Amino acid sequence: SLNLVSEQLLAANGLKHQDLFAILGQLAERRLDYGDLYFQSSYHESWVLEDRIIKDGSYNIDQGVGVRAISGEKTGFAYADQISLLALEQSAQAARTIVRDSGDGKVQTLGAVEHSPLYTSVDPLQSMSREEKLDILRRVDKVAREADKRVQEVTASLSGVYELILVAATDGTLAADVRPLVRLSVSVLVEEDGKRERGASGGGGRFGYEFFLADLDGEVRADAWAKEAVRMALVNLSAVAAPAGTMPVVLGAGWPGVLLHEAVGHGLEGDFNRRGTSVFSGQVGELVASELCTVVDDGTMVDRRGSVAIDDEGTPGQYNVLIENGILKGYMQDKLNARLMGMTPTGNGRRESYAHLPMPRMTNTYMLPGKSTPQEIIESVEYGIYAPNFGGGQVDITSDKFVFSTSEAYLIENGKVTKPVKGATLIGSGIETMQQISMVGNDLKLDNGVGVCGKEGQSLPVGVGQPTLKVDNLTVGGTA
């Protein structure tokens, strides 16, 4: 990719390799540990079907450069929505003002190294015709409406992004990525006797739109997801009041891995741990979870929404074991925090765009499978909840309190799943909740490709996963 991206981001904008040297040199006039130049161009499209018609379409373009100067704890940063030598010079000259003292000017020679390809460099926007894209949405509409007479409304959206990046740094890093991302989202409203409810489905990843027409367990993926949205809506329509209080909770496989994202994931980002503000600070080698739990953050997964062939600092994505048999092994890093902690980059240095600073961030965070069957797990509960789907979540990493809110849930009574219950927010302490995991299923899956993680106002595509698992005690925010 590097030559192709370089031609599009540098040569096409009047820039050469030697301009990179000049601008890095301008940063290195000051007493810095590190400086970098980050170049980006991106193209986004969206199309929306509603009321059985193609209501809307958009085409959105952005491009620019971001320049950082770093000394120990400190970062100077400036950027511009244009790729030009003047934009780079202006940005470097502002960013370097983070420190007044002169540096020795000794930068490392820029040199690219190979990394493993994790997704195609083919542009997903141009690889399918517009009418074929719209036919995906039309088929979702038809399938959802045919699935049940109570379906009254369907909103179906298709989005795609094609993004080129290149990063050059004072430590010699020179790297590029070509990043496709597509997403199909489906929302349905059902009505019966004046009562209404909604359901949703969807997913995607780093590939073209053909994925949505490919086979999923013997049906067309788009069709399967259209039916899933209806199924979710009908479950919710039938749901009764959820019970309140502390009880066993069995979480389904896949997206209920939001548990991990909140309970340990953010808490193991290296910025908080370098500062000492995370509950996990200084706990490497301690039991932070039950011995059945091994949690990884894995940036290497081919075609996945949350993967990073390189992170935004040029570090190739890695399989990082965070917790192994309950024992804390380490933290997700960016280059700044790794240096300060005496550790190494991990492939977790991510930024929303050129206009934002990178920080330690998740990629795909999941728990490894265990020995229990999901049926054995359900059968172990006398009274509790089974929650196979969630909305979102949130964590306070200092006090170690987190929440996540059900989108499909049921009572378990005498080892059987029984009545559907209404949405409830579940709350616990991260470490204490992970220590309550007494059974781990043999059915690991990741989410369908739906996640957006927020930290310090920066949204990123992130994945979660887990098998079915049992938390012995968790507080359920029902009314009953």
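A residue's number is simply how far along the shown sequence it sits, counting from 1.
Annotation for 471-479 versus 1-9: the higher mean temperature factor (C-alpha) is found in 1-9.
In this entry, 47-55 shows the higher mean Cα temperature factor of the pair 445-453 and 47-55.
You'll see in the entry that, of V167, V395, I378, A309, the Cα B factor peaks at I378.
You'll see in the entry that, of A176, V258, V250, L213, the Cα B factor peaks at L213. Sorting the modelled residues of the chain by their CA temperature factor places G370 in the highest third. Ranked by C-alpha B-factor against the other modelled residues of its chain, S438 falls in the highest third. Annotation for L460: C-alpha temperature factor in the lowest third relative to the rest of the modelled chain, per the entry. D62: CA B factor lies in the middle third for its chain, per the PDB record. Ranked within its chain, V417 lands in the highest third, by CA B factor from the PDB record.
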